[PDB]
Amino acid sequence: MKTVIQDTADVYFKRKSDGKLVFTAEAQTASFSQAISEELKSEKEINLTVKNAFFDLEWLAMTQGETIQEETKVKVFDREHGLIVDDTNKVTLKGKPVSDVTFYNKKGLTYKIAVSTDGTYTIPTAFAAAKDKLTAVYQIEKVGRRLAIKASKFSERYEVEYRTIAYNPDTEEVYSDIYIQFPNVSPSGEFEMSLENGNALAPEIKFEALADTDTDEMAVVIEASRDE
Amino acid sequence: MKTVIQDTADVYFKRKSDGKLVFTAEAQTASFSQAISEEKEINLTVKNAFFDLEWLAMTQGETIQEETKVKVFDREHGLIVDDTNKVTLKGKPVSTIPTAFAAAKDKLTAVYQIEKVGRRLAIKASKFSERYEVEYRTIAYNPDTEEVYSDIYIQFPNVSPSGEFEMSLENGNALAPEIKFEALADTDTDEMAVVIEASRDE
Amino acid sequence: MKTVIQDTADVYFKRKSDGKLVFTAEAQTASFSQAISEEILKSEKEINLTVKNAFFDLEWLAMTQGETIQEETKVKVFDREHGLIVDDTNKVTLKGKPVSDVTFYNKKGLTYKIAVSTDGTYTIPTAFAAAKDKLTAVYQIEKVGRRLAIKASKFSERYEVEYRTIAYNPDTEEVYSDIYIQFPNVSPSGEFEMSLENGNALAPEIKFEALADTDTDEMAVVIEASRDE
Amino acid sequence: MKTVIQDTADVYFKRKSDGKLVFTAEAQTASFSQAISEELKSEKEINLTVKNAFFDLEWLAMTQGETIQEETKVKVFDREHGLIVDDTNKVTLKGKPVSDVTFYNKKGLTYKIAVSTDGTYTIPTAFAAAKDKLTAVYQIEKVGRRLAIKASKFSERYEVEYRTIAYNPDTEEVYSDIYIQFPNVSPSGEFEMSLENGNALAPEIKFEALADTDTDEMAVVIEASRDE
Amino acid sequence: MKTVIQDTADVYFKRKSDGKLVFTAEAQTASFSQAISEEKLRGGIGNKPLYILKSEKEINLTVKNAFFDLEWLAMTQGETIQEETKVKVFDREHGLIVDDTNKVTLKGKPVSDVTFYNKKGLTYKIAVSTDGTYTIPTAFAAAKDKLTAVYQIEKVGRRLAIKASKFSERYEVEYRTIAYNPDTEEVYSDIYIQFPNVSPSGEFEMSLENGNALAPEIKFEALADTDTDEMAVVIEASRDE
Amino acid sequence: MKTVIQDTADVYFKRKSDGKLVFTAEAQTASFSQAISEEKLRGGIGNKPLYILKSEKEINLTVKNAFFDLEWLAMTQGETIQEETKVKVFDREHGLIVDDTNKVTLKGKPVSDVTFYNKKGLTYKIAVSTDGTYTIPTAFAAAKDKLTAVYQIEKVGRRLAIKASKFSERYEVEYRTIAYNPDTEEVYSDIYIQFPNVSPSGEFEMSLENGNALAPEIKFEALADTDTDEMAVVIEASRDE
Amino acid sequence: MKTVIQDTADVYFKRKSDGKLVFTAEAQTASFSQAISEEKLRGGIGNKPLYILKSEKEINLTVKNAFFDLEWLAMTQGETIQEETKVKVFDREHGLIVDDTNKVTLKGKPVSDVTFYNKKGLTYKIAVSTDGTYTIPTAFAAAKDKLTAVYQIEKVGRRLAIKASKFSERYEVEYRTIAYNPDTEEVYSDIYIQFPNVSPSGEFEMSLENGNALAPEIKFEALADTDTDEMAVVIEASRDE
Amino acid sequence: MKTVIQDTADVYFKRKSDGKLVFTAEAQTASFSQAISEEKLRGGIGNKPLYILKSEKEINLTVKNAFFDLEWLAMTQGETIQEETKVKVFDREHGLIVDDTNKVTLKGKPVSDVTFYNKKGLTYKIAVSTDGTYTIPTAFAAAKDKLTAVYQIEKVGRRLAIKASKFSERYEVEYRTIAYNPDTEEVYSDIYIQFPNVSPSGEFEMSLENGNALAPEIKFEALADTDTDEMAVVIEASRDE
């Protein structure tokens, strides 16, 4: 049949260790590649680029298999603005600093002062005078779920799929659906992301597919109609 | 005479073994490269505007067994978890839990296992013994009388399908499927690429 | 759950040796990446920090190189003049204080050199320029101010890097999470690609390499908060 | 204190052969680069990339160090269009050819004819008929500047300095001036211009900077406030 | 049989958030337009159109009344009206004579500096004085001269603010026009046009210089209805039923 | 032969599927246009080459009318006409009973009559007021101002809906105009324009201005014939044969 | 010398294909426009504009005539014109009276179908007959009723068709206008402007409006000649010479 | 209440850096426009919008005055007025008769050069003569021939220099107009429009043509206030003060 597809392809994932199928959602960009070359002659090389328009922790976690920690204790930074110095060359904080705090004057020179339990911190005359705006930076203990990376390792395997919809050209109707079956696919360790201003991130997730054991299948494409 | 080409190029496929002529008049480009290395210069590239499996099959080395069931993955949405006690999913699963989530006052979904009939193509790492014949057909406009006099033909005897297949699937912009070949020198004439122009007044 | 973000980061810089907590600014771009290389064994995991700030300061690239800045240092810099008019006596007079040989440019592109003279009046050959001609001159002028120079090698400083951003709920378009990224000790790089193009901010960039931690053996920690706490 | 800069640079070039300071800058873009080598890993190569809005022969001349000898007669091509063939098939060319002359008809044909003392050129009837129009091309000598390129003579050491202003981010005035004077820079041969329609060529000149023999310095940054 | 319509349509908007059926006013014109967007698909030799993915069928609305009202702009930008708000507004006073002592009395109640202008032009800002009499410099002007005073005074009225946020209110537009039979000379039918699920976009524009065709312009945008998927609907209503 | 035309031309419509010959009527304007695009500079010393790409050649149609036809807008937006369908509409009344009673007895239809109005600048909102021939609405006093009333009325008639239903009907268009000999003041020839295999567009713009005619406007696009590859045909002949 | 014009120039066209000359007839309005692309060069300290750079001129054409015929309608579509061809055109028949036998006689030569319309608006479809007598249904019409009929007829004339692929040929354009003396108002000189190596473009638009002619306009595009590097020349005359 | 406006808008200009209150004039015409633009994110199947939006707002201000003022022109750019300064301007002389001595007398003060133009358009150039008499060759003109001359004359007056490098300061604009009741034919209220923190924008165009005034325009850009986050305020007053 000579037909056309237009839109993207939904991804689907498989779990085989215990069985829990992730990705009850959709994505934005999914591509395909095939290059043998490599004149011990080359057998097969394949790459996958699944690219969604959202951001979820599990889709960075599945690159390097680690447990998703619960709300634990982590040390993170903090900042304050609009702190005025009183007539007594002192200032009080509104947050809860845990570590040493630093004050930056209008010109830019800094000042390191240890933690004061009362909350009010003396301001040296050389650093600043009365009625002077001040800023505070300190470390704050915030509870929340935790994730990190650790060296290079191979981890849990997870399959992929390419599911899209077809259109009948001459009668502009949904004629068929296309599914690409990828067996024995393991997640790749190359995860790269970028952070800009006024644009989406489009996170990059890659995998690679290994050949099947008892069927010798690595790349299967299935086209299924809708009239049966 | 000096002229200018305006149109695309028609492409015909002929097998050296038996030959099933398949053609198309709807294509984007019919481009062949040229380079010297140590020489390989007859790399080709044709970009179409219509989806098919035959050409994909041509790129690969296998059939498309029809009327077969393998597997499929599909999911639903809507109101799934409700009525306090348990849930009830609608479908044909192959491969409850009131807790661990909202107490049946939300919409939580899980993908289930289905299957259906469809075509099957296997990408195998063998079966590269196919030869082909290709031919181009484009027109050239005369820059003096605003008419076409000579039709330009490019044919590549002894061509082989290169083991390359790059395609990109994106949103509602375009598809542009690609199939590329590679032609070597012929046996009895040592020819791999020739270009021929036409003449209507003959 | 899933979320989207379009804002910048809140990168903070601190030095391992001391308690310096400088560089809290509003940057433009920020990213990190990893790759796999070969020599024998690969056994590599490299993180290359990137950050571009819409502000310029010599302190920003101070730690990119070694040594330290020099304050109130006398330096010699070039200066040029144009629009000078030569009198009918075939002489010129500038209003600067040159300390080097002064070159003269005519309208035909020819160059004439005359050493600096205290009298302030300099003669010109008639062939170079006739009477009532427009001449331009270049010379050298001493100045005082900040001076910074770069050398080879001498990289020993270590820093901790923190990345901050705020998540957005796709449904309500409001705050849902705060994505925090923390880095262990890092080392300055030796790459800096800046350009002062026409009518667009230079936006200098800083690059860092993250090494494995001594005790925790970590390289990148991603922390996420929420309004629930 | 942090400022914002957005402008080009006023660079000057000086050579050590005779202390020949030349040229005042009216350019488009400028930049400098540094990196780390691998083979003696510790090495900071300095590359210069400056694009100029105007064209100058000397700018190409410094790249290929050679003499600038002028008033040299050269053999350059000239094309004559609009010639009309008479019935006598003997037409005197308007120009003054010195090399071989070739005629071309509407269909496109070639006919080499030697120079004529009287200037009248015979036209074969097979080439074209009467009242027809043909074009001619030949060489005409002309005087002007001449530049040559050789395969040797790599010498000369230049000096490059930069100049730009620093706009204060709150008073909308130049707070300071920035100087990026580079000592002991050497020519690097790489310049790929392109002349097209609707775009200036913007010639590019690249340079390689080396450290001095006494101060071991290759690149300095100078900042001086405007209030001094 | 057929008919011809020459009259405008009575315009009604009903808010969808609450049961607010208001703006029962008569306007001077009303219109709506329907357009489609084509993207097509290049084919080849020159017979390029092969298959088109036509979608995004949209309908625009237009209405211009012959009266001005502070009520008929809140649909453009979601906001309320603040009444009895103390606001500061400028004012101009003319025909202020100056006595021989170079002093001028004021009958207004300034709340800020007062600027005085002489015959040709000059700026003289002076702090407000409770007595109401202000001295005049000799260089400013001479005696027996007319001056003008400009200053700021508070006022009370209905104040409305405009911002860029909170654009969610939906409405329902209903038309009503009469149809004339072509060969009997009385009314024949009433034509009503309804636009469910219409989103008010902001294309505010006005030119206040005289009474020549004020025409406060309000522009609306129609969007898809959820349970019916019918962007617009026309109704023919004969007078015999 | 040289001639001049100054009048209109009747419009002939036919359907490809069935054999109806709808709209053997007349109008005031009926125009069609050709669209051409592309062409490049392709400079070099500022010279100009062939300056063509030689594709496209679309044909658009534009037909107005002097009367309002329901079948016309039904035809440009092919759907089904719902005869004898109940619909809801608004209505108003002005003056029923003196207001110095706080008693109002609306007449004509009691279904969904709400949201009365004050007479100067306020909203005399009764909120819900649906009751059987109620004569005791209190709300606010508003003694002897005007009264005012707003209703909701149920009526029946023709019903038409607008939605993206993928119209695909094909048509044939024929024209007929009369020429004029510029010498003897007589109709020299009759000119006809043939537009086989023409499909309707989705452009529907009209306005309801103070005093004018509706002149409904829809567009058509002519596609090349599958056999002869023609979309526009010009034919004329004189009445002497 | 110093003069102006206030008259519309005449038009002359020559086919550059072999030898043909076209349209030696008066026109009502002529025009031509010259435009060039625009860029700008920037650089230096402060982004001062140091130079101006622009090229790639292009010139358009415009002509309007108060007369219409297909000979110059084929100007934008260059093809031969076939004469005396058998074509099918429509026909409108009115004043049809049915006798007491409930049958209607026909006057004409129908080709494909005959359609009947009653006075009230309902349409009737009947098979085409040879005698011309049709038994009208009693419900549709009774005895002594006014009917109308529409049927296709055959005519012979000169036809012109628009092909799917486009085609154009280079042409020559000539202008002719006379200047007026600055003070004595005599015809000082004549002005002629020649456009070698030009081709038309397809943007035809005929409005079939009533009360006045459509005044057809033909759109041409200028092109640079490759012979002597010129594409627009204007020549003034001298009545003394 | 439904109210009709009948007058212009009063304009008040105040600069933020100082307390100046220039241009208390009545102006001729005032207007302002508002537009809304936003972008959305795309997703998966069907290319449905993801309903994540980035919206921004902007407002343009337009005013028109029937009068001309130098400081009104200087208002656009950030430059001050330069007082009486020596400047050079051109001048012409008409009706010059050359004597039999091929000389002409001049009643002007040339500073650079004097050029003579004859009736035939010939041009001659000669340096300034101290005695005011110039020598003209007989070829240019014979004795008793009419002549005209053009030269440059020094002038002294206030100067303005428009600069393309300087622009600063912030302004605030207030409006004022009267509102007419449609029944009592009396001013019911008055409307003021305020634009705090409005940035001047340079879009200046004035037409100097034959007859009728110049009516200069200045456009403005409005930014939200850093404190209240507002760009415009609409307040309706009343005659109850």
# chains A, B, ... in the order shown; residues from 1 in each chain; ligands from 1
$ calpha_fit_rmsd --fixed "chain F" --moving "chain H"
2.7 Å
$ residues_around --residues "residue A:54" --least-positions-apart "2" --cutoff "12 Å" --atoms "only C-alpha atoms" --output "PDB file with C-alpha atoms, in the first residue's frame"
ATOM      1  CA  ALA A  25       2.229   9.296  28.586  1.00  0.00           C
ATOM      2  CA  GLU A  26       3.535  10.636  25.269  1.00  0.00           C
ATOM      3  CA  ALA A  27       6.637  12.369  23.875  1.00  0.00           C
ATOM      4  CA  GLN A  28       7.639  14.984  21.288  1.00  0.00           C
ATOM      5  CA  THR A  29      10.455  13.693  19.050  1.00  0.00           C
ATOM      6  CA  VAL A  50      13.506   9.777  22.227  1.00  0.00           C
ATOM      7  CA  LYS A  51      12.786  13.423  23.013  1.00  0.00           C
ATOM      8  CA  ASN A  52       9.818  14.592  25.090  1.00  0.00           C
ATOM      9  CA  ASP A  56      10.317  13.952  34.847  1.00  0.00           C
ATOM     10  CA  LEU A  57      12.826  12.515  37.301  1.00  0.00           C
ATOM     11  CA  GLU A  58      12.484   8.864  36.269  1.00  0.00           C
ATOM     12  CA  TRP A  59      13.619   9.658  32.712  1.00  0.00           C
ATOM     13  CA  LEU A  60      16.944  10.910  34.033  1.00  0.00           C
ATOM     14  CA  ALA A 200      12.188  24.628  26.119  1.00  0.00           C
ATOM     15  CA  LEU A 201      14.880  22.132  27.146  1.00  0.00           C
ATOM     16  CA  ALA A 202      13.783  19.081  25.113  1.00  0.00           C
ATOM     17  CA  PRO A 203      15.664  16.527  27.255  1.00  0.00           C
ATOM     18  CA  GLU A 204      17.813  13.973  25.432  1.00  0.00           C
TER      19      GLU A 204
ATOM     20  CA  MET C   1       5.124  14.488  38.186  1.00  0.00           C
ATOM     21  CA  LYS C   2       6.047  15.877  34.775  1.00  0.00           C
ATOM     22  CA  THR C   3       6.833  19.583  34.483  1.00  0.00           C
ATOM     23  CA  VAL C   4       8.327  22.172  32.127  1.00  0.00           C
ATOM     24  CA  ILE C   5      10.792  25.020  32.659  1.00  0.00           C
ATOM     25  CA  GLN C   6      12.048  27.914  30.544  1.00  0.00           C
ATOM     26  CA  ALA C 167       9.692  24.031  38.102  1.00  0.00           C
ATOM     27  CA  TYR C 168       6.294  24.849  36.602  1.00  0.00           C
ATOM     28  CA  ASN C 169       3.192  22.670  36.773  1.00  0.00           C
ATOM     29  CA  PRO C 170       1.864  22.129  33.216  1.00  0.00           C
TER      30      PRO C 170
ATOM     31  CA  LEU H  41       3.969  24.884  22.883  1.00  0.00           C
ATOM     32  CA  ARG H  42       3.214  21.903  20.644  1.00  0.00           C
ATOM     33  CA  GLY H  43       3.046  18.247  21.607  1.00  0.00           C
ATOM     34  CA  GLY H  44       2.341  14.760  20.303  1.00  0.00           C
ATOM     35  CA  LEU H  50       0.081  22.014  25.286  1.00  0.00           C
ATOM     36  CA  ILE H  52       1.615  26.589  28.184  1.00  0.00           C
TER      37      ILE H  52
END
$ atom_distance --atom1 "atom CA of residue H:60" --atom2 "atom CA of residue H:170"
15.5 Å
$ atom_distance --atom1 "atom CA of residue G:57" --atom2 "atom CA of residue G:11"
23.9 Å
$ closest_atom_pairs --of "chain C" --to "chain D" --cutoff "7 Å" --atoms "only C-alpha atoms" --output "JSON lines"
{"residue": "C:55", "atom": "CA", "partner": "D:4", "partner_atom": "CA", "distance": 5.3}
{"residue": "C:56", "atom": "CA", "partner": "D:3", "partner_atom": "CA", "distance": 5.3}
{"residue": "C:57", "atom": "CA", "partner": "D:2", "partner_atom": "CA", "distance": 4.9}
{"residue": "C:144", "atom": "CA", "partner": "D:224", "partner_atom": "CA", "distance": 6.2}
{"residue": "C:145", "atom": "CA", "partner": "D:224", "partner_atom": "CA", "distance": 4.2}
{"residue": "C:146", "atom": "CA", "partner": "D:223", "partner_atom": "CA", "distance": 4.8}
{"residue": "C:147", "atom": "CA", "partner": "D:222", "partner_atom": "CA", "distance": 4.4}
{"residue": "C:148", "atom": "CA", "partner": "D:221", "partner_atom": "CA", "distance": 4.8}
{"residue": "C:149", "atom": "CA", "partner": "D:220", "partner_atom": "CA", "distance": 4.2}
{"residue": "C:150", "atom": "CA", "partner": "D:219", "partner_atom": "CA", "distance": 6.2}
{"residue": "C:151", "atom": "CA", "partner": "D:217", "partner_atom": "CA", "distance": 6.7}
{"residue": "C:152", "atom": "CA", "partner": "D:43", "partner_atom": "CA", "distance": 6.3}
{"residue": "C:153", "atom": "CA", "partner": "D:42", "partner_atom": "CA", "distance": 5.6}
{"residue": "C:190", "atom": "CA", "partner": "D:35", "partner_atom": "CA", "distance": 5.3}
{"residue": "C:191", "atom": "CA", "partner": "D:35", "partner_atom": "CA", "distance": 4.9}
{"residue": "C:192", "atom": "CA", "partner": "D:34", "partner_atom": "CA", "distance": 6.2}
{"residue": "C:193", "atom": "CA", "partner": "D:33", "partner_atom": "CA", "distance": 5.6}
{"residue": "C:194", "atom": "CA", "partner": "D:31", "partner_atom": "CA", "distance": 6.2}
{"residue": "C:195", "atom": "CA", "partner": "D:31", "partner_atom": "CA", "distance": 4.4}
{"residue": "C:196", "atom": "CA", "partner": "D:8", "partner_atom": "CA", "distance": 5.5}
{"residue": "C:197", "atom": "CA", "partner": "D:29", "partner_atom": "CA", "distance": 4.6}
{"residue": "C:198", "atom": "CA", "partner": "D:7", "partner_atom": "CA", "distance": 5.2}
{"residue": "C:199", "atom": "CA", "partner": "D:6", "partner_atom": "CA", "distance": 5.5}
{"residue": "C:200", "atom": "CA", "partner": "D:6", "partner_atom": "CA", "distance": 5.3}
{"residue": "C:201", "atom": "CA", "partner": "D:6", "partner_atom": "CA", "distance": 4.7}
{"residue": "C:202", "atom": "CA", "partner": "D:6", "partner_atom": "CA", "distance": 6.2}
$ interface_residues --of "chain B" --to "chain G" --cutoff "12 Å" --atoms "only C-alpha atoms" --output "ChimeraX atom specification"
/B:141-148
$ write_last_selection --atoms "C-alpha atoms" --output "short mmCIF file (atom, residue, chain, number, x, y, z; two decimals), in the first residue's frame"
data_model
loop_
_atom_site.label_atom_id
_atom_site.label_comp_id
_atom_site.auth_asym_id
_atom_site.auth_seq_id
_atom_site.Cartn_x
_atom_site.Cartn_y
_atom_site.Cartn_z
CA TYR B 141 13.84 25.08 -20.25
CA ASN B 142 15.25 27.11 -23.13
CA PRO B 143 16.17 30.60 -21.83
CA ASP B 144 15.08 32.27 -25.10
CA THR B 145 11.60 31.02 -26.04
CA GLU B 146 10.37 29.90 -22.58
CA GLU B 147 9.98 26.31 -23.76
CA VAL B 148 11.58 22.91 -23.17
#
$ atom_distance --atom1 "atom CA of residue C:180" --atom2 "atom CA of residue A:146"
9.8 Å
$ select_by_dssp --residues "stretch 54-195 of chain C" --states "strand (DSSP E or B)" --output "ChimeraX atom specification"
/C:56,70-85,91-92,102-105,111-114,122-123,134-149,159-168,175-188,192-195
$ residues_around --residues "residue F:61" --least-positions-apart "6" --cutoff "12 Å" --atoms "only C-alpha atoms" --output "PyMOL selection string"
(chain F and resi 11+29-35+172-175+193-195+198-203+217-223+231-232) or (chain G and resi 205-208)
$ write_last_selection --atoms "N, CA, C and O atoms" --output "compact mmCIF listing (two decimals), in the first residue's frame"
# COMPACT_ATOMS: atom_id res chain seq x y z
N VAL F 11 -25.67 33.50 -13.20
CA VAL F 11 -24.86 32.42 -12.64
C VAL F 11 -25.63 31.12 -12.76
O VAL F 11 -26.80 31.05 -12.36
N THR F 29 -22.70 41.16 -8.67
CA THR F 29 -21.27 40.99 -8.87
C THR F 29 -20.95 39.50 -8.90
O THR F 29 -21.45 38.73 -8.08
N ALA F 30 -20.10 39.10 -9.85
CA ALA F 30 -19.65 37.71 -9.97
C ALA F 30 -18.27 37.73 -10.63
O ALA F 30 -18.17 37.83 -11.85
N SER F 31 -17.22 37.60 -9.82
CA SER F 31 -15.85 37.74 -10.29
C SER F 31 -15.03 36.48 -10.02
O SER F 31 -15.34 35.68 -9.13
N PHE F 32 -13.98 36.30 -10.82
CA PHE F 32 -13.03 35.22 -10.63
C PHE F 32 -11.63 35.71 -10.97
O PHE F 32 -11.45 36.59 -11.83
N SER F 33 -10.64 35.11 -10.31
CA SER F 33 -9.28 35.61 -10.32
C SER F 33 -8.29 34.48 -10.51
O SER F 33 -8.57 33.33 -10.16
N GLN F 34 -7.12 34.81 -11.05
CA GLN F 34 -5.99 33.88 -11.17
C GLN F 34 -4.87 34.34 -10.25
O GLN F 34 -4.53 35.53 -10.22
N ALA F 35 -4.28 33.40 -9.51
CA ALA F 35 -3.19 33.69 -8.59
C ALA F 35 -1.90 33.13 -9.15
O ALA F 35 -1.84 31.95 -9.52
N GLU F 172 -20.24 22.39 -11.34
CA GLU F 172 -19.99 22.97 -12.65
C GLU F 172 -20.59 24.37 -12.67
O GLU F 172 -21.73 24.57 -12.22
N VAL F 173 -19.83 25.34 -13.18
CA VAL F 173 -20.24 26.74 -13.19
C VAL F 173 -20.24 27.24 -14.62
O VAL F 173 -19.26 27.06 -15.36
N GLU F 174 -21.34 27.88 -15.02
CA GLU F 174 -21.49 28.44 -16.36
C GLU F 174 -21.93 29.90 -16.26
O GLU F 174 -22.77 30.25 -15.44
N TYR F 175 -21.34 30.74 -17.11
CA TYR F 175 -21.65 32.16 -17.16
C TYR F 175 -22.33 32.51 -18.48
O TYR F 175 -22.33 31.72 -19.43
N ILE F 193 -18.66 31.65 -19.81
CA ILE F 193 -17.47 31.17 -19.11
C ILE F 193 -17.82 29.83 -18.47
O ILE F 193 -18.79 29.73 -17.71
N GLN F 194 -17.02 28.81 -18.77
CA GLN F 194 -17.24 27.46 -18.26
C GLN F 194 -16.21 27.16 -17.18
O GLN F 194 -15.01 27.38 -17.38
N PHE F 195 -16.69 26.66 -16.04
CA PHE F 195 -15.83 26.33 -14.90
C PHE F 195 -16.16 24.92 -14.43
O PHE F 195 -16.77 24.72 -13.37
N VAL F 198 -15.38 22.32 -10.12
CA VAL F 198 -15.13 23.42 -9.19
C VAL F 198 -15.68 23.03 -7.82
O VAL F 198 -16.79 22.50 -7.72
N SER F 199 -14.89 23.27 -6.78
CA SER F 199 -15.24 22.94 -5.41
C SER F 199 -15.45 24.21 -4.58
O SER F 199 -14.87 25.26 -4.88
N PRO F 200 -16.27 24.15 -3.54
CA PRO F 200 -16.49 25.32 -2.69
C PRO F 200 -15.40 25.52 -1.66
O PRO F 200 -14.78 24.57 -1.17
N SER F 201 -15.16 26.78 -1.33
CA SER F 201 -14.17 27.16 -0.34
C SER F 201 -14.84 27.30 1.03
O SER F 201 -16.00 26.92 1.23
N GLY F 202 -14.11 27.85 2.00
CA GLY F 202 -14.64 28.06 3.33
C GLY F 202 -14.50 29.49 3.81
O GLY F 202 -14.32 29.74 5.00
N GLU F 203 -14.59 30.44 2.88
CA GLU F 203 -14.49 31.86 3.19
C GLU F 203 -15.91 32.43 3.20
O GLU F 203 -16.60 32.42 2.17
N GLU F 217 -21.50 36.52 0.33
CA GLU F 217 -20.27 36.31 -0.41
C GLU F 217 -19.64 34.99 0.01
O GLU F 217 -19.32 34.80 1.19
N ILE F 218 -19.47 34.07 -0.95
CA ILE F 218 -18.73 32.84 -0.74
C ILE F 218 -17.80 32.64 -1.93
O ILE F 218 -18.04 33.16 -3.02
N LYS F 219 -16.75 31.86 -1.71
CA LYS F 219 -15.72 31.67 -2.72
C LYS F 219 -15.70 30.21 -3.18
O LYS F 219 -16.07 29.30 -2.44
N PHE F 220 -15.27 30.02 -4.42
CA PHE F 220 -15.12 28.70 -5.01
C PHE F 220 -13.75 28.61 -5.66
O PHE F 220 -13.18 29.61 -6.11
N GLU F 221 -13.21 27.39 -5.71
CA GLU F 221 -11.93 27.13 -6.36
C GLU F 221 -12.13 26.09 -7.46
O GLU F 221 -12.75 25.05 -7.22
N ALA F 222 -11.61 26.38 -8.64
CA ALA F 222 -11.75 25.48 -9.78
C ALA F 222 -10.49 24.64 -9.94
O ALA F 222 -9.38 25.16 -9.99
N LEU F 223 -10.69 23.32 -10.01
CA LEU F 223 -9.60 22.37 -10.16
C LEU F 223 -9.55 21.85 -11.59
O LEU F 223 -10.57 21.84 -12.29
N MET F 231 -9.61 24.08 -16.42
CA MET F 231 -10.39 24.65 -15.33
C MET F 231 -11.11 25.94 -15.70
O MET F 231 -12.08 26.30 -15.02
N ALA F 232 -10.68 26.65 -16.75
CA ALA F 232 -11.34 27.86 -17.20
C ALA F 232 -11.48 27.82 -18.71
O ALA F 232 -10.49 27.58 -19.42
N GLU G 205 -8.23 39.90 -13.37
CA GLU G 205 -9.38 40.03 -12.48
C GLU G 205 -10.46 40.83 -13.19
O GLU G 205 -10.28 42.03 -13.46
N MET G 206 -11.57 40.18 -13.51
CA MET G 206 -12.73 40.82 -14.11
C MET G 206 -13.87 40.83 -13.11
O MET G 206 -14.26 39.77 -12.60
N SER G 207 -14.39 42.01 -12.82
CA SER G 207 -15.53 42.17 -11.94
C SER G 207 -16.79 42.32 -12.79
O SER G 207 -16.92 43.29 -13.54
N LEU G 208 -17.70 41.37 -12.66
CA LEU G 208 -18.95 41.42 -13.41
C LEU G 208 -20.01 42.20 -12.62
O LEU G 208 -21.05 41.68 -12.22
$ residues_around --residues "residue F:177" --least-positions-apart "2" --cutoff "12 Å" --atoms "only C-alpha atoms" --output "PyMOL selection string"
(chain F and resi 4-12+26+30+174-175+179-180+187-193+234-238) or (chain G and resi 89-90+208-210)
$ closest_residue --among "E:153, E:45, E:178, E:25" --to "chain G" --atoms "only C-alpha atoms"
E:45
$ interface_residues --of "chain F" --to "chain E" --cutoff "8 Å" --atoms "only C-alpha atoms" --output "PyMOL selection string"
chain F and resi 55-56+66-69+87+89+115+155-164+202-214
$ select_by_dssp --residues "stretch 44-158 of chain F" --states "alpha helix (DSSP H)" --output "PyMOL selection string"
chain F and resi 70-76
$ closest_residue --among "D:46, D:165, D:123, D:160" --to "chain G" --atoms "only C-alpha atoms"
D:165
$ closest_residue --among "D:191, D:153, D:196, D:133" --to "chain F" --atoms "only C-alpha atoms"
D:196
$ closest_atom_pairs --of "chain D" --to "chain B" --cutoff "12 Å" --atoms "only C-alpha atoms" --output "JSON lines"
{"residue": "D:105", "atom": "CA", "partner": "B:1", "partner_atom": "CA", "distance": 11.7}
{"residue": "D:106", "atom": "CA", "partner": "B:1", "partner_atom": "CA", "distance": 9.8}
{"residue": "D:107", "atom": "CA", "partner": "B:1", "partner_atom": "CA", "distance": 6.9}
{"residue": "D:108", "atom": "CA", "partner": "B:1", "partner_atom": "CA", "distance": 7.4}
{"residue": "D:109", "atom": "CA", "partner": "B:1", "partner_atom": "CA", "distance": 10.4}
